[PDB]
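Here the Cβ positions follow ideal geometry from the backbone for every residue, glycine too, while neighbour counts run over all protein chains shown. No lab work stands behind these numbers, since they all come straight from the coordinates.
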Amino acid sequence: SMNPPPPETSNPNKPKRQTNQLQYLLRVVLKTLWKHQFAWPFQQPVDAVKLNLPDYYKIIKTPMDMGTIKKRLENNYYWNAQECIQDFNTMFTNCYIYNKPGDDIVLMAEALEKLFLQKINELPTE
Ligand SMILES: Cc1[nH]c(-c2csc(N=C(N)N)n2)c2c1C(=O)CCC2
């Protein structure tokens, strides 16, 4: 069994910015979700080999996780906040796509997503 390469966190020719919205995404949004008691299954890419989930990357073709997002934010990978918000939403959606309704992982994603929504509701103006 094999995992795919992880999503990139560095791309020197991709234009980048540091903006107040991106700073909020790191200092408020990421930090709030990262410390949560349910964050630990989303802090790195899904290891389909160790978890014995050979169908994970058959179904999930746009993987995303908070470890990747954290590195992207710390590395100033993004141009704008929408790119990062999209990454969080990809992470949550993948969980709902792969898993069964009511599974523990889905309840964990829902708890994190609730906080995500509350924080991005107050994304500062640029
Ligand atoms: C998003 C996600 N994370 C995990 C998981 C289990 S154990 C672990 N440990 C880490 N990452 N330290 N992550 C799963 C999952 C799914 O969607 C399907 C089932 C398993």
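Please work out if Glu110 is among the acidic types (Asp, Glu), surrounded by fewer than 18 Cβ atoms within 10 Å (Cβ to Cβ) and under 20 Å from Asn20 (Cβ atoms). Please lay out each step first, then the result.
Values: among the acidic types (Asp, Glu): yes; surrounded by fewer than 18 Cβ atoms within 10 Å (Cβ to Cβ): yes; under 20 Å from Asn20 (Cβ atoms): no.
No: the conditions fail for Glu110.
Of all residues in region 1-19, count the ones that are of a type in the set (S, T, N, Q) and touching a helix residue (DSSP H, G or I) at 6+ places or on another chain (Cβ under 9 Å).
Within region 1-19, the subset of a type in the set (S, T, N, Q) is 1, 3, 9-11, 13, 18-19.
Filter once more, keeping what is touching a helix residue (DSSP H, G or I) at 6+ places or on another chain (Cβ under 9 Å): 3, 9-10, 19.
Going through region 1-19 one residue at a time, the tally reaches 4.
Output the residues belonging to region 109-126 that are touching a residue at least 60 places away in the same chain (Cβ under 8 Å), touching a helix residue (DSSP H, G or I) at 6+ places or on another chain (Cβ under 8 Å) and closer than 27 Å to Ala48 by Cβ.
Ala109, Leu112, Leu115, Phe116
Of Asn13, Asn89, which residue is polar (S, T, N, Q) and more than 13 Å from the chain's Cα centre (by Cα)? Spell out how you get there, then give the answer.
Details: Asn89 fails: more than 13 Å from the chain's Cα centre (by Cα).
So the residue among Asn13, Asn89 that is polar (S, T, N, Q) and more than 13 Å from the chain's Cα centre (by Cα) is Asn13.
Just the residues that are out of contact with any helix residue (DSSP H, G or I) (no Cβ under 8 Å at 6 or more places or on another chain), surrounded by 14 or more Cβ atoms within 10 Å (Cβ to Cβ) and in contact (Cβ under 8 Å) with a residue 24 or more places away in the chain, please, taken from region 34-89.
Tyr57, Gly67, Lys71, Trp79
If you check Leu26 against the conditions, is it surrounded by 13 or more Cβ atoms within 10 Å (Cβ to Cβ) and closer than 13 Å to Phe116 by Cα?
Details: surrounded by 13 or more Cβ atoms within 10 Å (Cβ to Cβ): yes; closer than 13 Å to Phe116 by Cα: yes.
It is true that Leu26 is surrounded by 13 or more Cβ atoms within 10 Å (Cβ to Cβ) and closer than 13 Å to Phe116 by Cα.
Can you pull out every residue in region 96-106 that is outside any loop (DSSP other than H, G, I, E, B) and free of Cβ contacts under 8 Å to residues at least 24 places away in the same chain?
Once the filter is applied, which keeps residues that are outside any loop (DSSP other than H, G, I, E, B) and free of Cβ contacts under 8 Å to residues at least 24 places away in the same chain, region 96-106 yields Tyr96, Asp104, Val106.
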